[PDB]
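A.B. asks: show me the folded form of this:
(one chain, ligands or ions: 3)
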Amino acid sequence: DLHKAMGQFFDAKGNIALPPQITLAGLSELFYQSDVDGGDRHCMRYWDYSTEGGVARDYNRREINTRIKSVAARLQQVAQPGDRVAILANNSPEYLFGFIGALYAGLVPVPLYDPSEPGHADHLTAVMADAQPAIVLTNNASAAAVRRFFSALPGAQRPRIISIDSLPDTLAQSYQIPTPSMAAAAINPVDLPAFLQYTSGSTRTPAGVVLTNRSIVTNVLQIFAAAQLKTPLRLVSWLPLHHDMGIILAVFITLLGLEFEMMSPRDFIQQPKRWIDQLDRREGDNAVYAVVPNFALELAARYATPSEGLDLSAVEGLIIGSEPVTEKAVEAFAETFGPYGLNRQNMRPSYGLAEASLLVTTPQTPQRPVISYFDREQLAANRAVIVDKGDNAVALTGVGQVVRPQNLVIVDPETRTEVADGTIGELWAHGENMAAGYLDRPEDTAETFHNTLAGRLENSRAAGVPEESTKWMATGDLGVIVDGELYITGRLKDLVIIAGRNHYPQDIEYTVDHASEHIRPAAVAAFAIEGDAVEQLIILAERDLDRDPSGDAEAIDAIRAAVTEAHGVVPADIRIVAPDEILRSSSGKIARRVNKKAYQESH
Ligand SMILES: Nc1ncnc2c1ncn2[C@@H]1O[C@H](COP(=O)(O)OP(=O)(O)NP(=O)(O)O)[C@@H](O)[C@H]1O
Ligand SMILES: CCCCCCCCCCCCCC(=O)O
Ligand SMILES: [Mg+2]
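C.D. replies: Numbers count the residues shown, from 1 in each chain. Ligands and ions are numbered 1, 2, ... in the order given. The structure is reproduced below:
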């Protein structure tokens, strides 16, 4: 019984109490051992699309557990609890067996990517120099790429490379449960590092978010209690496992023994119908869940055209997040798939970040998905005033409520004081899901994780937190709470501020998209760069798939006029490029800061 199992850690007041000895792996094994009679239950289906039709690999409860313990036992022949180990593989069952197997051995995994995928050499080099793992877990498909990545080092300095699907299951029988130290010094197991999450999309040197057993276990409990899950369920995901959103979701589902169906982002992008087909109702189905970034809604709405017989009525939650969720994308999806059983009320925009482990807010009322319209001028002055659709209005999507126990406060970053609901500020979070810091980065850790709330409102969203706490996490994200609902406006650092007015890229990007059918839907990056004595607005946009460069001139003129009229700024530059030329993350989403850097290095 899952719901009781997860409730054992809550108290009457809704507070979480974790025993000092609990770890992520200990929780996983506790649930597995309680799942008497569950060993033969189907738990994971992996789609290999080396061929176009694809071949499924299936694993039941027992097989997953055995693979995990085989990995752990092998690690215990060559390493100690606390050692770091990089995971360098494509999305695959081995990726998960390696990550969780490291946890079982008390090692600290570092989820990374297949190094043969382009665009990671600098990143991987920096991560390896930062975390310095002596061991790499990989699979047979990726092992050559891994061996080559390290071929410029002295052989004696290369990490040991372990290919998980070369390990026999006879290893599992020698796995040993790590025992806690008795010392004096001793950090409790629950407070030890669980894994290191290096995020992507930034041009700066990678920083390792240190997630502890406490961090993750707390967020797993917060997620479970807030998501109002219908069990049993299956979760469909193609998210990259080296992304915060991908790996925690897969681990959440695996630790609870629920059903998980996985492919790689490239499989979705090349044939989005594969994803819609996976959400289609199957005979055994009870509840189906999915988690995607915003752009995927537009891609599927256009390119996963539905057939007679498609039945999406089993989809109980379509979580959308990791980037601004747009009205345009939500409605295109709802309109395309609503006639085939997709309940619009089950679209659930949500917000989080690695520094909070995974999830900060998600809809916890029936009022979702929320779309609200705000006066653009007031918004540019940090005030949210609800207006009627389509009269100088900015459409923003509600991402729900904080997942307790946890506080979410809107804070003036200049004065570090709470602001009233309806006032735009920086989101600050407080709770035991927060990460411990950035690995070996004391000042960056202090800036992001060790903030003090200098002042609060009479009715404070910080209620329950000691007034002197120095543990507020400043997200770097701007937003506002209106009528109890959180809205994300943009990243603080990437605000477009021109002549004393704040402009939000997502707002500008809608104007650009809407300004001409020459532009590929949702394929716009708007950002500011420093000019002579002011900030310049730069706009990059791909022309749609069927369009010729001869239409660029017209689209540019139309984009310029539309943006000037709606926002009162004449773009300094409007560049139109070919489809897929705008740089994107491994998940497929536009990587704005990476594009901005590339533009500056071309001037
Ligand atoms: N629903 C959302 N709406 C708008 N933005 C979101 C949403 N969900 C996540 N984000 C943004 O994604 C961020 C969290 O992404 P994360 O996976 O932690 O790495 P990252 O911030 O993109 N890269 P880095 O600069 O290295 O930290 C938040 O801080 C938001 O900026
Ligand atoms: C069974 C599925 C329910 C799980 C819902 C929690 C997932 C929410 C994802 C939030 C994404 C933002 C994280 C990020 O961008 O780093
Ligand atoms: Mg960040």
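A.B. asks: wouldn't residue 342 be in contact with residue 333 here?
C.D. replies: Yes: taking C-beta atoms under 8 Å as the definition, residue 342 is a contact partner of residue 333 at 7.5 Å. To be clear about C-beta, it is placed using only N, CA and C from the backbone, and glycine gets the same treatment.
A.B. asks: between the two, which is the more surrounded one?
C.D. replies: More crowded of residue 342 and residue 333, by other C-beta atoms under 10 Å: residue 333, with 26 against 23.
A.B. asks: what residues are up against residue 207?
C.D. replies: 130, 198-199, 438-439, 441, 444 (C-beta atoms under 8 Å, 6 or more residues apart in numbering).
A.B. asks: residues from the protein in reach of ligand 1?
C.D. replies: By the rule C-beta under 6 Å from any ligand atom, the part of the chain lying against ligand 1 is 199-202, 244, 321-325, 349, 351-354, 399, 475, 477, 488, 491.
A.B. asks: residue numbers of this structure in contact with ligand 2?
C.D. replies: 223, 227, 229, 235, 244-245, 289, 291, 317, 319, 321-322, 350, 352-354, 358-359.
A.B. asks: restricted to strands, list those.
C.D. replies: 235, 289, 291, 317, 319, 352, 359 (DSSP state E).
A.B. asks: can you report how many residues neighbour the residue of the stretch 201-350 of the chain found nearest ligand 1?
C.D. replies: Closest residue of the stretch 201-350 of the chain to ligand 1, C-beta to the nearest ligand atom: residue 202 (3.5 Å). Close neighbours of residue 202, defined as other C-beta under 10 Å, add up to 15.
A.B. asks: repeat for residue 281
C.D. replies: Neighbour count of residue 281, defined by other C-beta under 10 Å: 15.
A.B. asks: enumerate every residue touching it.
C.D. replies: When contacts are taken as C-beta under 8 Å, 6+ apart, residue 281 is in contact with 288, 311-314, 341.
A.B. asks: residue contacts, residue 603?
C.D. replies: If you count contacts by C-beta under 8 Å, 6+ apart, residue 603 has none.
A.B. asks: and with 10 Å instead?
C.D. replies: Applying C-beta atoms under 10 Å, 6 or more residues apart in numbering to residue 603 gives the contacts residue 529.
A.B. asks: and the residue of the stretch 51-200 of the chain closest to ligand 2?
C.D. replies: Taking C-beta to the nearest ligand atom, the stretch 51-200 of the chain has residue 199 as its residue nearest ligand 2, at 7.3 Å.
A.B. asks: so how far is residue 535 from residue 513?
C.D. replies: Taking C-beta to C-beta, to the nearest Å as the measure, residue 513 falls 22 Å from residue 535.
A.B. asks: higher neighbour count, those two?
C.D. replies: residue 513 (21 against 18).
A.B. asks: output the contacting helices and strands for the helix or strand the more buried one falls within.
C.D. replies: Following DSSP states H and E, one finds residue 513 within helix 505-515. Judged by 3 or more C-beta pairs under 10 Å, 6 or more residues apart in numbering; DSSP states H and E, the packing partners of helix 505-515 are helix 327-337, helix 376-380, strand 393-397, strand 485-491, strand 496-498, strand 519-530, strand 535-543, helix 552-567.
A.B. asks: let's have these in CSV, adding distance to residue 112.
C.D. replies: Shown next, in CSV, are those (distance: least, C-beta to C-beta, whole Å):
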stretch, distance to residue 112
helix 327-337, 29
helix 376-380, 39
strand 393-397, 31
strand 485-491, 24
strand 496-498, 33
strand 519-530, 26
strand 535-543, 28
helix 552-567, 38
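A.B. asks: residues contacting residue 142?
C.D. replies: 87-90, 92, 94-95, 113-117, 136, 161, 163-164.
A.B. asks: re the thing from before, which neighbours do residue 342 and residue 333 share?
C.D. replies: Common neighbours of residue 342 and residue 333 (C-beta under 10 Å, 6+ apart) are residue 318.
A.B. asks: the one helix or strand residue 596 maps to vs strand 519-530, what angle?
C.D. replies: Following DSSP H and E, one finds residue 596 within helix 592-600. Relative orientation of helix 592-600 and strand 519-530, computed by axes from the mean of the first three to the mean of the last three C-alpha atoms, to 10 degrees: 70 degrees.
A.B. asks: give me the neighbour count for the nearest residue to residue 150 once chain neighbours are set aside.
C.D. replies: With C-beta to C-beta, 6 or more residues apart in numbering as the criterion, residue 150 has its nearest non-adjacent residue at 4.4 Å, and that residue is residue 158. Counted with other C-beta under 10 Å, residues neighbouring residue 158 total 16.
A.B. asks: returning to what we had before: of the contacts of residue 142, closest to residue 282?
C.D. replies: residue 92 (22.9 Å; C-beta to C-beta).
A.B. asks: which residues touch the closest one?
C.D. replies: 46, 48, 57, 98, 114, 138-142, 164-165, 241, 262-264.
A.B. asks: returning to that earlier point: OK, contacts around the residue of the stretch 51-200 of the chain closest to ligand 2?
C.D. replies: Contacts of residue 199 (C-beta under 10 Å, 6+ apart): 206-209, 242-244, 353-355.
A.B. asks: switch to 6 Å and redo it
C.D. replies: When contacts are counted by C-beta atoms under 6 Å, 6 or more residues apart in numbering, residue 199 touches residue 354.
A.B. asks: repeat for residue 75
C.D. replies: Applying C-beta under 6 Å, 6+ apart, the residues contacting residue 75 are 105, 107.
A.B. asks: mind doing that once more with 10 Å?
C.D. replies: Counting by C-beta under 10 Å, 6+ apart, residue 75 has contacts 81, 83, 85, 98, 101-102, 104-107, 109, 135, 137, 160, 162, 171, 175.
A.B. asks: next: residue 377.
C.D. replies: Residue 377 touches 383, 385, 392, 394, 501, 568, counting by C-beta under 10 Å, 6+ apart.
A.B. asks: could you do residue 535 as well?
C.D. replies: Residues in contact with residue 535 (C-beta under 10 Å, 6+ apart) are 495-499, 503, 527-529, 569, 572.
A.B. asks: nearest to residue 509 among the residues you listed?
C.D. replies: Using C-beta to C-beta, the contacts of residue 535 come closest to residue 509 at residue 527, 9.8 Å.
A.B. asks: partners of that closest one in the sheet?
C.D. replies: Judged by DSSP bridges, the bridge partners of residue 527 are residue 538.
A.B. asks: let me know how buried it is, in neighbour terms.
C.D. replies: Residue 527, neighbours per other C-beta under 10 Å, totals 23.
A.B. asks: same check on residue 144?
C.D. replies: So residue 144, with other C-beta under 10 Å, has 13 neighbours.
A.B. asks: on the three-state scheme, the nearest residue to it once chain neighbours are set aside is what?
C.D. replies: In space, and not counting its chain neighbours, residue 144 is closest to residue 116: 7.9 Å by C-beta to C-beta, 6+ apart. Three-state assignment for residue 116 (DSSP: H, G, I helix; E, B strand; the rest coil): coil.
A.B. asks: just confirm residue 95 is within a strand.
C.D. replies: No: under the criterion used here (three-state DSSP), residue 95 is helix, not part of a strand.
A.B. asks: that one contacts residue 250, doesn't it?
C.D. replies: Yes: between residue 95 and residue 250 there is a contact at 8.2 Å, judged by C-beta atoms under 10 Å.
A.B. asks: identify the contacts common to those two.
C.D. replies: 111, 241, 262.
A.B. asks: nearest to residue 296, of those residues?
C.D. replies: Among the shared contacts of residue 95 and residue 250, residue 262 lies closest to residue 296 (C-beta to C-beta), at 15.2 Å.
A.B. asks: neighbours around the closest one, how many?
C.D. replies: 26.
A.B. asks: same check on residue 305?
C.D. replies: Under the neighbour criterion other C-beta under 10 Å, residue 305 is assigned a count of 12.
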